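Trainee:
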Amino acid sequence: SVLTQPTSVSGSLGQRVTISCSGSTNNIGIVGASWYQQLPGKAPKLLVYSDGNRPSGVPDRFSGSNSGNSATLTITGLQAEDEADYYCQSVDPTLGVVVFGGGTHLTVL
Amino acid sequence: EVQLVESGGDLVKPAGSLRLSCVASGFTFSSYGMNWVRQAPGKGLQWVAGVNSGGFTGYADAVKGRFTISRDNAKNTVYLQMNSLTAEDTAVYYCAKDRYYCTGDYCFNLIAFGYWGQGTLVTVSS
Amino acid sequence: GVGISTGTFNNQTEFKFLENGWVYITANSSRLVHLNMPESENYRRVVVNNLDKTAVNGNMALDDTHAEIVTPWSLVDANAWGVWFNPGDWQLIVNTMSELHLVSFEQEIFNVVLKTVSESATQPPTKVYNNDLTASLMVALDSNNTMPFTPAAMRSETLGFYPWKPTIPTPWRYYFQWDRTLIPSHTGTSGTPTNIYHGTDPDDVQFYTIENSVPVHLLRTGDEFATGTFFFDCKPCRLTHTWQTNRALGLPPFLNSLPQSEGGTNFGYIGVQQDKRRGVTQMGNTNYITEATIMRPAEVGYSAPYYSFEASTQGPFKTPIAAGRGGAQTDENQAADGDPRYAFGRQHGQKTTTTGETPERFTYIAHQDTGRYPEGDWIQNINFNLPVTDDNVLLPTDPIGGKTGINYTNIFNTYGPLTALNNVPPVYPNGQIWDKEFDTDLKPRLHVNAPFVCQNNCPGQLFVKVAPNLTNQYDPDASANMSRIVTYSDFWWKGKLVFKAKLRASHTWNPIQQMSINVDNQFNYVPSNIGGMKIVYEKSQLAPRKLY
Amino acid sequence: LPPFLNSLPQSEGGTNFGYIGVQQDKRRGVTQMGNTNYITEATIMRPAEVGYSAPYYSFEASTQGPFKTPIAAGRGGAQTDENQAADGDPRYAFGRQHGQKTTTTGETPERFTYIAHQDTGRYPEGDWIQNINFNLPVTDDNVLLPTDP
Amino acid sequence: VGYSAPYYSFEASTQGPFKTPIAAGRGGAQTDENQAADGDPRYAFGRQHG
Amino acid sequence: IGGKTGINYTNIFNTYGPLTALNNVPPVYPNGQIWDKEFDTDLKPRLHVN
Amino acid sequence: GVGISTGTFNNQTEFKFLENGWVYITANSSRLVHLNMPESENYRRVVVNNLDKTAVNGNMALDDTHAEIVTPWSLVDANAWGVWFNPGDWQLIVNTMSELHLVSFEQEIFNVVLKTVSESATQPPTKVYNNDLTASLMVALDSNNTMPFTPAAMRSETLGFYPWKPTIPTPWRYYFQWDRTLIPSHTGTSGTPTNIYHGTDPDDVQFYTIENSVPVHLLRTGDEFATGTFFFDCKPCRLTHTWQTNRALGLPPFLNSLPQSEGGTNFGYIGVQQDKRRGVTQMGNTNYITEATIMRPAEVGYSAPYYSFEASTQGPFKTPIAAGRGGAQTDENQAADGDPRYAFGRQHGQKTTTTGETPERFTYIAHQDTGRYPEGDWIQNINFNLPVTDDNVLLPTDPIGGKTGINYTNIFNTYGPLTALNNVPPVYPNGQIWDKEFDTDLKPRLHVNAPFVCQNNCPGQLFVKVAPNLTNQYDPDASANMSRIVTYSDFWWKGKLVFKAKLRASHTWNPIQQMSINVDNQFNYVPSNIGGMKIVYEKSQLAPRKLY
Amino acid sequence: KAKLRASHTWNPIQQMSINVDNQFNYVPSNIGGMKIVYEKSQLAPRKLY
């Protein structure tokens, strides 16, 4: 099982950005996705949990939601700090396999 | 604060074997699982294996028949053993911690990596 | 020996009348118990996790997650009123008795039969049953109460209620420790709440084994097992109910006007203006002495948070309440939190000729008026200016936390040092009789499941198991399952339960409520034309007693 | 007595669970909910209540001023994560006579929070109230969650 | 020492509403009697009784 | 609480628990009652307020 | 009779406390034992000779050549710790006791069932199991110890460790006399080393039969056999360990410079020049009094030639050593000669649900510090000129006989009149409990296999056998195997082993090592979801005691 | 006055022990330092019901 993400998403400073991850009833329909941030060449950072909570210190700009077999990450008030790569992560309970998405590159205009 | 440090990167032949190690600190090591996630050059993250408190392990279908992962809670260390390596295994391998407290056989139903290390490079080539 | 019986069948009830209005009720129960060999001879640690049902936001109450040890042993449980009393016995007890004591309990197993099953190789299947005179039935009595207490009335798994129908013992299991978290949600919650099974705490592990804790007796077809008489130390159980709420305690007000003609609208009047009255109130800043405001000795009943679910290490559970709802006697549709609901099968009351997996159910509405009618509660400011204005009163029709369906009485607790309440009434036939007291340092004032609670100890649990019947190919080093001859046992169980009851006295001019047969319930107590039977439920605390 | 499992696992692993088998509204047992057929582990009757919930970090006032409302039991999940030790877990502060390393300089006391092994606490983030009707799945208006102001 | 209770709380049962009793009096009423409230019993009597 | 400017949490607040200590009601001279009868309930109140 | 049981199953452990801190530990063990009729009713004299394996030069240590007598009897051996104690009882013993005494042993066989197997002539095979009520089980107790002592723990062939798992006895066989010569060699050795089995010396032939030496009891389905209580005469077994080597005996040197600050490198200094110190040494030609050279009362432990193989008439065998290696407690990879290695199967601890013929193994690392660190030793010339020159010191680095892999410590023995050593600790669950003393004029000081050694004699071996069940076509003049009805027996074994133990006392400020359940080992002590069980090895001498 | 415990279960229970981590909490420092670390007391489990 693999998750699906769009290759890239573009937004302009101060606007709203949405990144979408698609899965199945087996992976995202039971355990929602968790979103990660990766600066070029750096270790990933967790942004939003599967329940919509954020790690301490993450701005409220970042938010997530789950509907059916698809999950989305919403970045509000896009700043220059957000130019990076983002990934969706979910775990398959039926098989016991952790599934990452293909990744999406975010472009700030 | 939680901190992780990896090691063990090297260059090996297209049919060799290798072993990697991480050292952790700052939390109740026995309560949280530790996982190995790799990233091929220019590609996305890929999960390799994970091990929980009692020694129970989970392997992705890509490495399930080749690799092995282990812990030592008395030393806050996690090891990964790789055998029958192939070129596709070339990647930087990242050591991470789970947000959720799971110990025994019935883990891998909810995983979310909350802290990360620095990564180590694995290269498989002639 | 092989051809000699080791006991007698007795399902009689005896009423020996002692001096001073006391009766010695002896209840004998005899059953034919059918026991198959266990599916495996091993102890299993099994974990249930219905993440599919709980992953639906708002279904957090349907959580079934738990860990348990599944044992090869079976439990012979007779802790239900139907095992001992038939409807006539119950009618006698609840019509003629005022209080009920639990005295003693003994049981025995006799006339053990062990058989084997062999299937022919004939193309049309055929099978034969043979006696195994040398096979043994393993029997263990946990007289020291070392094993976890697992009363079967909770799962409707006691012995059957019919003397003429064979019964089975419930396979035995007990809870193994686990840690679980389930963050609640509602239809429309954004994201998937945290729904995780955490594992097991090593500091709480307890793997119990019957072999290592209890002596085990091997019974052949000519052997018998008797437990001995155990004597209880419980408090008496009342067969009377209280109707008095706080409004019915003490001296009523003097009516300076009384009606001069009978009729529905011909009321009496106190005749004293309310702020000009005499009496005592617990409200130091008002002169109004009314029935609602006059001082009473104490409280009868207590408001509790209803359908409140509390979380601990093992997950959510409903907050228990000791009394039923108010107004439920008048309208059964209003029966809710506190009115116990029983679901049971064909061994325990459901019409025996019915087909299907759907159980028979009833909600037990008790006669005692110790409940609350939350739609009639209200808080108001301490100033107590009447008539009260909107801003100075909290009504049950008022949203708490922004919710139109949650009001203050859902999170309301009025239990205090002044609360008075009764023990739960017995429920015939599916109600549990006695329960073990918690081994906590500080103990609950009552149990919601049984009217009798055992202070020091009460009788050990009786476990049975067909002894292994191996073939000639056994190899203990094999990883596969044990090769056993298909063996099963039929044995007779007899128990004696002794009660002490006090005959009632007529204190009032009027007659009291009594249980009787009538044209409507006439055919709930006799077999059908094809032999079907049912045992409907009966109320226990029929007679009224004065609270104060 | 746990529920009888009609399906048992045939292999070892983290995904091999046991199943009760009986549908939830078709089950047998005793509940204190006279208006529903669901017999579940969260709804089945238990003899009594182990522990209680208390108002946490509640300060009450009397003639002498405000004081904390005491609690007899610790928190839930404190053993899992010591950073969650809170109301109910006694915290002891002491000096060099009574345990603090005797060779250390400074006026700062040595401290520890005591996390008892007894599981009688509560996980208030897991509690909820819902309307008496008990229609499932519960809708927003008919549930009071710990997430609600 | 002591407890907090819902004050001027009226609870209903089969027979109708009644005030929830409280086992102790108010605080600060000793200094200013105008604050005597829930928990401080009030007695009304005639010429035979004082 | 509940949107009411005149009702606060203390109105619906109960802190009775296993750590509560309280005294029995004092005699009230002359109008106070002297003795009272115990309730015929199975579980009895810890005191009577009258 | 046929249908009356002749015994009760009991597998409890009782801790009866006595005066002065002594506990009477009574361990009860009960098993179901499955016995098949022997391959043949005749005694055999069988010679094993693995010339193929030892024909390869360098494989001499893999010699399996011997001669044995294969008897038709089977041995019911309970001489292993796991037969009597579960992990919890072992925890209690090893954590709360200081010494253990072996008191008494008794066993009884009850509830004998003999069954026969019949196979149908139907084209699809099928078979049925019938009771043979007149069949007998032959039981022999060798109370006089006439037969060779063949304890089964050495081959991992004792009774199983699980009360709920049926067990089997081991087919009994004993050694015959043989003469063997096997000249050692190595890869690259020219020619074929002498590898010859020489036969039997008539002066040493001893052919024992059970029938001619022991009374045999014929047990039918209604019979029981009880051995009677045997009483031991062993020495106490210590549940404490000693840490003091020679370097930790006596009065440490006075430090004239104590450290002024905390730290790992903030050491203390004696402050007296080494050649100007006061004390006693056995070095009469040197003024240096140093911790290595200071006199000590005696020697703790001794050095022995490790992986030494000695040859006698019957062939090469390893020279045993009473103590384990040094440094093995810090690095498990250094466990070698002296640390016992236990290889066992699914009856005796291996996870019961695993397939395959590979056994479970562990190497026991005792807590006692009586061993040696051979790479830390050296010998230097009697002159004692320091620093020592190459020609005046023999190091473990230096060769012996021109071999780069053999050093003087391999051929080194330091046992003498000053050697002090400890008894072997109990090994749970796979260790022997008791052993018989050698019938030599001069006896060994300790046995390396069982903590208890029986001075005079101790309990006779129990032998079982299914009596031959002949068909109607028996002919003793025929040379072919006797034609028997395929018969197997299932009987219940119950044993009682009684110890006396002393409760320990705290002698130090600090707490001591204790065995505990932790999150790492949590699931070694509970069953799996499919019933799998394992028993893991536990240490015994956890607490320390001062040697001097 | 205290009662000795009994083994009720197949598995062992939680016990207090000295280990490589807590070792130096029970012995003095090279300059005479002492400390007493807190220790739990209800280690063993008992069945409530």
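Residue numbers (our numbering), protein chains in the order written: chain S, 973 to 1081; chain R, 133 to 258; chain H, 5 to 552; chain D, 4 to 152; chain E, 638 to 687; chain F, 9 to 58; chain P, 5 to 552; chain Z, 1316 to 1364.
Beta carbons: idealized from backbone N, C-alpha and C, even for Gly.
Looking at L104/H: is its Cβ nearer than 8 Å to the Cβ of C241/H?
Mentor: yes
Trainee: Which residues, taken in chain order from the segment 1322-1343 of chain Z, show a beta carbon closer than 7 Å to some beta carbon of chain P?
Mentor: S1322, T1324, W1325, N1326, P1327, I1328, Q1329, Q1330, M1331, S1332, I1333, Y1341 and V1342
Trainee: How do the segment 133-143 of chain H and the segment 515-531 of chain H stand: do at least 3 beta-carbon pairs fall below 8 Å, yes or no?
Mentor: no
Trainee: Assuming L551/H and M519/H make a contact with CB atoms under 8 Å, what is their CB distance in whole Å?
Mentor: In fact, because the Cβ distance is near 23 Å, the residues do not count as touching under 8 Å.
Trainee: Using a Cβ cut-off of 8 Å (strictly closer), state whether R329/H contacts chain E.
Mentor: no
Trainee: Apart from the five residues on each side of it in sequence, which residues of its chain come closer than 6 Å, Cβ to Cβ, to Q35/D?
Mentor: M48
Trainee: So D439/H is in the beta strand (DSSP E); what residue range does that whole segment cover?
Mentor: Residue range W438 to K440 is occupied by the beta strand (DSSP E) that includes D439/H.
Trainee: To the nearest angstrom, report how far apart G353/H and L450/H are at their CA atoms.
Mentor: 27 Å
Trainee: For a cutoff of 8 Å on Cβ pairs, would you count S650/E as touching chain F?
Mentor: For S650/E, the nearest beta carbon of chain F is not closer than 8 Å to its own beta carbon.
Trainee: Can you give me the start and stop residues for the beta strand (DSSP E) that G92/P sits inside?
Mentor: Run containing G92/P: none in the beta strand (DSSP E); it sits in the alpha helix (DSSP H), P91 to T100.
Trainee: Is the separation between the beta-carbon of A509/H and that of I97/H shorter than 8 Å?
Mentor: no
Trainee: Would you decide whether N115/P is buried or exposed? Buried here means 16 or more other CB atoms lie within 10 Å of its CB.
Mentor: The residue in question, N115/P, is buried, as its Cβ has 16 or more Cβ neighbours within 10 Å.
Trainee: As a quick exercise: from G232/H, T362/H and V284/H, pick the residue whose alpha carbon is nearest that of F682/E.
Mentor: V284/H
Trainee: Are any of the Cβ atoms in chain S nearer than 8 Å to that of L242/R?
Mentor: With respect to chain S, the C-beta atom of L242/R has a partner C-beta closer than 8 Å.
Trainee: Quick one: Cα of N999/S to Cα of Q13/D, how far?
Mentor: Answer to the nearest angstrom: the Cα atoms are 24 Å apart.
Trainee: Let's test the definition: count the other Cβ atoms within 10 Å of the Cβ of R30/D and tell me whether it reaches 16, buried, or not, exposed.
Mentor: Buried.
Trainee: Mind pulling the chain F residues with CB within less than 8 Å of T18/D?
Mentor: Result: empty, since nearest Cβ-Cβ is about 43 Å, beyond 8 Å.
Trainee: Less than 8 Å between the CB atoms is what I'm expecting for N22/F and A642/E, so what's the real figure, rounded?
Mentor: 6 Å
Trainee: Consult DSSP for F258/H and reduce its assignment to one of helix, strand or coil.
Mentor: coil
Trainee: Beta-carbon within less than 6 Å of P155/H's beta-carbon, same chain only, minus the 5 sequence neighbours each way: which residues are those?
Mentor: The beta carbon of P155/H sits closer than 6 Å to the beta carbons of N83 and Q436 from its chain, once the five residues preceding and following it are set aside; these are given in chain order.
Trainee: Below 9 Å on C-beta distance, what does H221/H contact in chain P?
Mentor: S9, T12 and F13
Trainee: Checking the sheet assignment: what are the DSSP bridge partners for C241/P?
Mentor: Note: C241/P sits in a beta bridge opposite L104/P.
Trainee: Quick check: is the beta carbon of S641/E nearer than 8 Å to any beta carbon in chain D?
Mentor: yes
Trainee: Using a cut-off of 8 Å between C-beta atoms, extract the partners of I1002/S located in chain H.
Mentor: The answer, in chain order, is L55, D56, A59 and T196.
Trainee: For a test of the three-state rule: what should DSSP assign to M1331/Z, helix, strand or coil?
Mentor: Reduced to three states, the DSSP call for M1331/Z is coil.
Trainee: Spell out the partners DSSP gives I200/P in its beta bridges.
Mentor: Answer by DSSP bridge pairing, in chain order: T185/P.
Trainee: Strictly by DSSP, which residues pair up with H70/P?
Mentor: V52/P
Trainee: Locate the beta strand (DSSP E) running through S1037/S, then write down its first and last residues.
Mentor: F1034 to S1039
Trainee: Which one of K57/H, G305/H and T233/H has the shortest CA to CA distance from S147/H?
Mentor: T233/H
Trainee: Please state if the CB of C993/S and the CB of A1043/S are separated by a distance shorter than 8 Å.
Mentor: yes
Trainee: Looking at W496/H: is its Cβ nearer than 8 Å to the Cβ of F165/H?
Mentor: Their beta carbons are not under 8 Å apart, which means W496/H does not touch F165/H by this criterion.
Trainee: Just curious, the alpha helix (DSSP H) that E1055/S is in, first and last residue?
Mentor: Careful: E1055/S lies outside any alpha helix (DSSP H) and carries neither H nor E.
Trainee: Residues of chain Z with CB under 8 Å from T105/D, in chain order?
Mentor: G1347, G1348, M1349 and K1350
Trainee: Under 9 Å Cβ-Cβ, which residues of chain A neighbour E15/D?
Mentor: Reference to chain A is not applicable here, since the protein chains of this structure are S, R, H, D, E, F, P and Z.
Trainee: Are the C-beta of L1363/Z and some C-beta of chain D separated by less than 8 Å?
Mentor: yes
Trainee: Between the alpha carbons of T294/H and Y306/H, how many angstroms are there, rounded?
Mentor: 21 Å
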